[PDB]
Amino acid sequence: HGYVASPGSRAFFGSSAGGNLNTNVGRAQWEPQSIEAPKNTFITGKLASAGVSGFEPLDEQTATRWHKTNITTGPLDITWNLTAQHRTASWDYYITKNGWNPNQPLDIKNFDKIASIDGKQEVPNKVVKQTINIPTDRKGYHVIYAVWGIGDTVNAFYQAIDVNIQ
């Protein structure tokens, strides 16, 4: 169990720790760490919630619905907080392509992978800091999809992150 705290994930921003910068986020208000589903679950319109019961409000998609963190292209520091550390297989990061439609349901086919870090089947610390590169053809509102793949189960934790790139 864990979430991306920086840049704040869509779920994290729903919690008091995230400043309640997103409203009406269902279970994300209290447990943004709990978005757990089998690996390779990428159902169109159900990426933000990973299809998980109680997280449905996260799946709404418009250009103005969610709070964005202002970022630049190039290096971006990602910080996860884990409320329950687990042996880890992988960390994968995707971002929406230039030209994607922010008023349409999220579809993984409209993202590129942009980083992949091997967990080496070890147990990470409760704060995990990684650096990924944001490609320079991205400007404006984009969604980063951060995926923590568990080493000793068939599951992953899924974190949609709303960013405004300038």
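Numbering starts at 1 and runs along the sequence shown.
(Q) Regarding 55-63 and 115-123, which shows the higher C-alpha temperature factor on average in the entry? (A) Per the PDB record, 115-123.
Q: From the list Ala28, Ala48, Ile134, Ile43, select the residue with the highest C-alpha B factor recorded in the entry.
A: Across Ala28, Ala48, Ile134, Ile43, the entry lists the biggest C-alpha B-factor for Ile43.
Q: Kindly indicate the residue among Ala17, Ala146, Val143, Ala156 with the greatest C-alpha B-factor in the PDB record.
A: The C-alpha B-factor peaks, among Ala17, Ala146, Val143, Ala156, at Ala17.
Q: Classify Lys97 as lowest, middle or highest third according to the C-alpha B-factor given in the PDB entry, relative to its own chain.
A: As the PDB entry reports it, the C-alpha B-factor of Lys97 lands in the lowest third of its chain.
Q: Divide the modelled residues of the chain into thirds by Cα B-factor and specify which third, lowest, middle or highest, holds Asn24.
A: Highest third - that is where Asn24 ends up once the chain's C-alpha B-factors are sorted.
Q.
Is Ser34 in the lowest, middle or highest third of its chain when residues are ranked by C-alpha B-factor?
A. As the PDB entry reports it, the C-alpha B-factor of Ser34 lands in the lowest third of its chain.
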